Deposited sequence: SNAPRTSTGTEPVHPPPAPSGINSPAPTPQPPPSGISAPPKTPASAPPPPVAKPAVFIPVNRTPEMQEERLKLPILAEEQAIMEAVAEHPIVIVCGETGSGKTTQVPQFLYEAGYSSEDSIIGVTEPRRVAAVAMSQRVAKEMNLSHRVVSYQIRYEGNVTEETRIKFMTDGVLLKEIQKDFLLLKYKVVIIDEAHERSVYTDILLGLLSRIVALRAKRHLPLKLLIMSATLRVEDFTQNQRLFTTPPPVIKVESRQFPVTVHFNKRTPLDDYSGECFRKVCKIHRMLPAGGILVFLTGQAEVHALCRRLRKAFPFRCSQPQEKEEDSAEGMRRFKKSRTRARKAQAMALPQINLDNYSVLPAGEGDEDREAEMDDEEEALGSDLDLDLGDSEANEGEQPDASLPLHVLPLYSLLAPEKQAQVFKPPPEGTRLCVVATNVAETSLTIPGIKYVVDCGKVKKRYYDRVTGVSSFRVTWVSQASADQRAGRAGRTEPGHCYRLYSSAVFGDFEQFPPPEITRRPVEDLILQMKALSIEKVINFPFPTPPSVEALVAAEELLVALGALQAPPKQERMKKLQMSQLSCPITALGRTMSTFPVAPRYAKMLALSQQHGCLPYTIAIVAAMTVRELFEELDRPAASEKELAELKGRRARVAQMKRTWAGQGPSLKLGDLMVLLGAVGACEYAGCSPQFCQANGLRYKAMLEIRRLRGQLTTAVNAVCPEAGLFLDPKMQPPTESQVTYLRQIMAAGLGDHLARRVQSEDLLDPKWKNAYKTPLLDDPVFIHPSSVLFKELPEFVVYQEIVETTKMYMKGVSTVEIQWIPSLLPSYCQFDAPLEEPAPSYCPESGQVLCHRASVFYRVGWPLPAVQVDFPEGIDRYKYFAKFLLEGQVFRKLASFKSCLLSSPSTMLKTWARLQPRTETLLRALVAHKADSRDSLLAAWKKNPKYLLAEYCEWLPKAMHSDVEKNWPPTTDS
């Protein structure tokens, strides 16, 4: 049971400062008595660090059974692993972190810190989480997509483990007080788990009072002249406000060190905030990064916009947009908490006391605001067929769940309309750590040696804000030259000719290749307008994407430039990934459509993005990565599609009239199926598409054509020897002068009975009984031949 730690005297006093220590036996008694415990403790409560220690003291860690702790951030995983390992007297062999592309875990590991996504991937490998006896899910109040999928899954895992008489304990740790979606949720936890509230210790003063930027300049002005020396933090909506206020404040200046903070800021400039100020007071203009991501020790006065920037996905169109709205009360309070963490602090809210009540208490969960295809593909891999049966803490919209299954079926991830389970292709995609669209690109890309190219493109698309912003006399020319420098570079990476057809996606590839060519130089990144932090993240992601692919397909990471054929094959892999994102140029009217494109998903005209390399080229068909609305509805991530590609690449999105007699249907040896040329038209828009070789539609005519090719020996080459001796032509399966011939019906009926319209279908039928078509096939040969046929009847080897 009990396990020692050997506390050092100096860390003892610190540890005793935190409040949760008093309630240790209370939390440990709850954990023993209940299967699931919810621990609610504000920042500084020390719950995250100490609760794994308590359970370690109670002996939950063991050989097969360890304590796990899941976190939203990578940083919080590693940092927490280190702090606990030092707060206890234990090696990082015992207390470890696992994050995306780094590791710390050993058989010695008894407390494991991890990101929520890492736990999900373990749930894929073993759904029972046998290697865990306790799982702690921390920062549940953040309600990230992975916390939600984890909480719903673990309720089932806890149940499955319990009936196996191997109890798994789940502890849910929340900084905020409200857990209604957990306690009141009948589907998630049939019995409301006990809720433990831990108080913690530096009070925050809140002051209530068109453009939030102006008042903030005033507030920062008024505070600074008036109040004692202490850190100033201002929350602003976006980067340009941050820069507008910093330059404005620098112009304004007794002491003041002005530092702008935003997530994409260069890590060097970022770091300036934490270090204390050089007769100069600290005032930092920041986005939400200061609210959670960064903790600034010297801050004593915060000024609050009252406004957040968020990204909204339109379900009908699929389109994304960036809008500014009122903060949540919890976001408003948490921003205030930043003010007074190591001294009494001041929060001045630029909204009225009345406005604060108008705020939505809790921000909407991140799952409801975005496509959920990645999760459902994960859920389908765990055999969760009925998505609505899943116990979402907050369920996503119906249209969101229906859209996802439509996309995942369209990629081939989910089979077949009564149900759609994961496919073999869908199962291997589930392993890849990227969105299922790019996941299919990866699975599709295992050919022509462009796999590292596609891995690089996908990695460059998955990363956010690849290119440095560089926006908003002699100083303007320095900045303006940089833009022309980066634009010229973007064009240089994307060649002219077939290379330019890959467009923006080629520009990402050429950016990744050029960066790796210079050994990912920070000098190179600043020279060519690439972002250094993003480029490193690109490199790490390519590594993890390359290792994952090797698991699926047994077979030099930093690459060499592609040949023209490779670039066009890259175009086809990308178009197949982005099938739902196809636009056609308009030619015929309204002045709004002069250079526009039309996409079936939305009525409005869409345009190539002005910074895109395909902007002036304006090809007739493109696939876009995403559509973002600002002033117009713009296509970003654009690549060219050759119109004839569409039916062979995106057959699910097309509608074919009838199979064509000219050219006549053929048999495909690789597929094992009947092919035919079919004319097609895109589903909602009505775009005419040429006739191309496509699989023959399922139907009674398909069986006839397959039966013809089988008798000719094309389907199975063992039967090909007999083709000379057949009594009537194989052609009589389609049409015959001998109407009363029974030969053709008997073969066709037997084929229908076993749904044998393909090599794989018939080969399957021969497993269930290997003499399946023997009688019927013999009907087509003279009797003397029958015995030799039966002797080698399976016309398949193996």
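Gaps without C-alpha coordinates occur at 1 to 55, 257, 266 to 270, 315 to 403, 429, 568 to 580, 637 to 640, 724 to 728, 762 to 764, 975, with positions taken along the deposited sequence from 1.
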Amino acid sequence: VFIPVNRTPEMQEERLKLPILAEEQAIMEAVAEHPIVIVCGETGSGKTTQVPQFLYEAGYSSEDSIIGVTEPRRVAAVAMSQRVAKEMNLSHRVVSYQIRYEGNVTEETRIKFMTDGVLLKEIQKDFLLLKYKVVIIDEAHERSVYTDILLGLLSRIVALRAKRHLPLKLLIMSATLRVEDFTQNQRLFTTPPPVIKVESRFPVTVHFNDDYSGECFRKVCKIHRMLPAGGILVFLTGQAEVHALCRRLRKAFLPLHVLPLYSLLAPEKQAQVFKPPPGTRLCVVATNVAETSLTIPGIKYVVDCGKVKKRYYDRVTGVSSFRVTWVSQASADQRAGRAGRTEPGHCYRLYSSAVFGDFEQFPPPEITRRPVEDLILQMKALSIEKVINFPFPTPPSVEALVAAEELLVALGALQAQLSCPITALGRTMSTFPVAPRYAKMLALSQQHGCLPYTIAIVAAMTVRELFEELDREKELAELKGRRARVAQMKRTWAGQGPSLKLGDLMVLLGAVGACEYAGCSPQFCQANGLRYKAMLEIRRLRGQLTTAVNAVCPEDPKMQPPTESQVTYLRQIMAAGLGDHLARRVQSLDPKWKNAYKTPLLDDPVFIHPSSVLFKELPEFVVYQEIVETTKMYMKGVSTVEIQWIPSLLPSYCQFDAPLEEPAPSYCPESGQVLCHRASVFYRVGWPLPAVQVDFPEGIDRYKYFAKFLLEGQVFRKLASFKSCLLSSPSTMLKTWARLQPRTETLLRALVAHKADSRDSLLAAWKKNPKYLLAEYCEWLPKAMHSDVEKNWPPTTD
From here on, numbers count along this sequence of modelled residues.
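Between 396 to 404 and 602 to 610, the higher mean Cα B-factor belongs to 602 to 610. Taking the mean C-alpha B-factor of each stretch as recorded, 483 to 491 and 620 to 628 are not equal, and the higher mean is that of 483 to 491. In the deposited coordinates, the residue among 98, 563, 454, 428 with the greatest CA B-factor is 563.
Of the candidates 365, 686, 214, 433, it is 214 whose Cα B-factor is highest according to the PDB record. When the modelled residues of the chain are ordered by C-alpha B-factor, residue 54 sits in the middle third. Per-chain ranking of the deposited C-alpha B factor places residue 742 in the middle third. Ranked within its chain, residue 733 lands in the lowest third, by CA B factor from the PDB record. Annotation for residue 708: C-alpha temperature factor in the middle third relative to the rest of the modelled chain, per the entry. Remark: residue 313 belongs to the middle third of its chain, ranked by C-alpha B-factor as recorded.
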